[PDB]
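Residue numbers (the authors' numbering), protein chains in the order written: chain E, 1 to 256; chain C, 1 to 257; chain A, 1 to 257. Shown next, in structure tokens, is the structure this report addresses.
Dropping the structure here:
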């Protein structure tokens, strides 16, 4: 049998066939587990939690527990997890709070290493790699193809847009734009994820153009509006710059 | 039944009828759990541990385990927990060592987020909020209504007096006075916690006076004794300044400035 | 009798008679546990894991789990643990990857405090003390008699040679030579670990000579080769300098200066 006898599952929970739940796991009220998802021993699945297919959740992970927000008064809130995610030991992912859409969602193909905290109301994209002891405060946004170094802390409401890379033991207080390389305490910005898209094999003209865009935004002393207005003609010469402009328009806490 | 069958409880432990203990929990020798206290599975309660009422302890938390002090040789030491505390996942609170009155104490209405470590012989007051991955070394003192940011580390013997606020990823090596805002590595003083007093509804005159007291202690470059003699003048016109004076007199490791 | 009924043990695993395994523990394929070893409760022993004698492993610790390397494809890899080790709660030690010898090693008399991560392919010596929330990335080397402060992070491939001491909340990107005291973010060399060799009762002449060696390497503006040839003269009048020379020759990532 794919479900271990010592596992406690609520009747209202739905588990698809071929899904493997190991010993001493707990599944809560109104939760769903997709096909081919493997829960090793000692995994907690909280109430109102949807989990996709081909997920790998290791021991001592709390998936879908109540938020830590002081104002949360036990309302109905939810957590959604996509497909093909590796969630390592001691990971804690909490459901949303009704004050902000009441949901926490994470995408696909993510790697969450040991003791990765995902607080209430967070939004995480796809192809992300969160290293050991990474703590992400509530309402944060993780884009796609993002890497965050070990023992790093993301402050509440902060945006981490696509293809960025946060160094280890970094303190993110402001919004990290796309393709940006940030590190330190307090974290500073020093260059672009050049070697990342080089190791992904992207055209060198695109890398030089994006580099000029970074120079424009950060290393040329312009305000937000003036930089944005400088990005006007480069978009059609190189389309990827769009993702950077979004970073400026979605930035409510400032920039690095 | 309020106690799950798969829970292991030693005979010497006392559990109230209103306390609920979930699956796969273990309670040690000579331990006590108060009324209306919720143990949310996979919780370890070590030997010699007293727990108050209306506490909520989440999974994988080790409450009352042996100290990590290299000199601790397995003596009889204790841990006390007050009421209305929410202790989140993976939290580790260790019992005291006989070399320092052999007890670890935490108060009431505390929020301990994921992986909050409370080392041997610590003293924690009430209404405190320790964020994720906060580790506080042995013999430290947490006052009341204190906030400590995520992934922060308090050094052993350090005092964190009332209404202070430690920023995230901060390293506290010295004593943090009352109402002080500290952050960084190494952490430094960055003004007064006017946000705490503005959400709690304090008189603007009181906040301005307390701010002037802060300027006296830190931003007036006079040593601890002259400052103290200057605050004892201000206590008449504003009583809360007392809490600051205590911070100066209770400081043994120095002051975070 | 020494093994709790609720413990799950694979048939291929070997457990000594004097080894005690508590409730709700799981032992994997082709693993071994030595004599007089204590697994308190809620301990995961992964496949292909060797554990020595007189070890004390606390709850919620994952000993021998699969690596976190993105390229690891589920091959056959191993973890080795020596004797007389105290591994505290939530500790995670992962097996090696076939791309680098395929083994993770830790020595004897080690103290791994709460939530100490030991990534794939690490090598740890003896008499080491890793404090709370210490994360050590893959392929790292920990020497002997090393202390690493709480919430510190060692980057992959970094060397932490013998008798060194890393301060709390430090970020190690480069190799720490022997006897060196490093701390900060980014960490920086801050003198010699005289406290340790004074506690261990070393001759004052030996400590003064070693300090002069530190002055040669770090505080004398000399590149690595001229420094090296200058310590090769000092190695005879005091032998311990050898351990430092190794540090320079074994450094592949540079030096924490």
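In this text, a Cβ means the ideal position worked out from N, Cα and C, and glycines have one as well.
- Each residue's CA atom was taken as its position, placing residue 37(C) and residue 54(C) some 4 Å apart.
- Among the residues of chain C, those whose CB is under 8 Å from the CB of residue 41(A) are 26 and 44, following chain order.
- When the beta-carbon positions are compared, residue 153(A) and residue 128(E) stay at least 9 Å from each other.
- Residue 101(A) and residue 20(E) have their C-alpha atoms spaced approximately 32 Å apart.
- Bounds of any alpha helix (DSSP H) do not take in residue 74(E), whose DSSP letter is neither H nor E.
- Around the CB of residue 73(C), fewer than 16 other CB atoms lie within 10 Å, so the residue is classed as exposed.
- By the CB criterion at 9 Å, residue 255(E) and residue 247(E) fall inside the cutoff.
- Check the Cα spacing between residue 238(E) and each of 211(E), 91(E), 46(E) and 75(E): the tightest is with 211(E).
- Legend: CB atoms of the region 150–170 of chain C lying less than 9 Å from CB atoms of chain A belong to residues 151, 152, 153, 155, 169 and 170.
- Using a Cβ-Cβ cut-off of 9 Å, residue 104(A) does not count as an interface residue toward chain E, since no Cβ of chain E sits closer than that to its own.
- Contact of residue 79(A) with chain E by beta-carbon distance below 7 Å is absent, the smallest such distance being about 15 Å.
- Where residue 63(C) is concerned, there is no enclosing alpha helix (DSSP H), although the beta strand (DSSP E) around it starts and stops at 62–65.
- Boundaries for residue 177(E): no beta strand (DSSP E) harbours it, and the DSSP string shows neither H nor E there.
- Residue burial annotation: residue 190(E) is exposed, with fewer than 16 other C-beta atoms found within 10 angstroms of its C-beta.
- DSSP places residue 52(A) in no alpha helix (DSSP H); its state is neither H nor E.
- Of the candidates 46(A), 115(A) and 207(A), 115(A) places its Cα closest to the Cα of residue 136(A).
- Nearest CB-CB separation between residue 92(A) and chain C: not below the 9 Å threshold.
- Within the same chain, 21 come within 6 Å of residue 3(C) by CB-CB distance, once the 5 residues on both sides are set aside.
- Taking a C-beta cut-off of 8 Å against chain A, the contacting residues of the region 109–128 of chain E are 111, 113, 114 and 115, listed in chain order.
- Here residue 214(E) carries a helix assignment [DSSP, helix/strand/coil].
- Contact of residue 133(E) with chain C by beta-carbon distance below 7 Å involves 133.
- By the Cβ rule, the region 85–104 of chain C does not count as touching the region 158–171 of chain C, because fewer than three pairs are nearer than 8 Å.
- At least one CB atom of chain C sits nearer than 9 Å to the CB of residue 186(E).
- For residue 89(C), there is no enclosing beta strand (DSSP E), as DSSP marks it with neither H nor E.
- Residues of the region 49–80 of chain E with a C-beta atom less than 8 Å from some C-beta of chain C are 60, 62, 65, 68 and 70, listed in chain order.
- Residue state for residue 159(E) is assigned as strand, using DSSP reduced to three classes.
- For the pair residue 24(E) and residue 24(A), the CB atoms are nearer than the 9 Å cut-off.
- Contact of residue 137(C) with chain A by beta-carbon distance below 9 Å involves 131, 132, 150 and 168.
- Within the region 3–24 of chain A, 6, 8 and 24 place their CB atoms closer than 9 Å to a CB of chain E, listed in sequence order.
- With a contact defined as Cβ atoms closer than 8 Å, residue 67(C) and residue 120(C) qualify at about 4 Å.
- Not a single CB atom of chain C sits nearer than 9 Å to the CB of residue 224(A).
- Beta-bridge analysis with DSSP links residue 14(E) to 32(E).
- Your pair residue 62(A) and residue 49(A) does not check out as a contact, with CB atoms roughly 10 Å apart and the cut at 8 Å.
- In the DSSP annotation of this structure, the continuous segment of the beta strand (DSSP E) that includes residue 191(E) starts and ends at 187–192.
- Taken through DSSP and simplified to helix, strand or coil, residue 105(E) comes out as strand.
- Looking at the backbone, the Cα of residue 69(C) and that of residue 12(C) are separated by about 26 Å.
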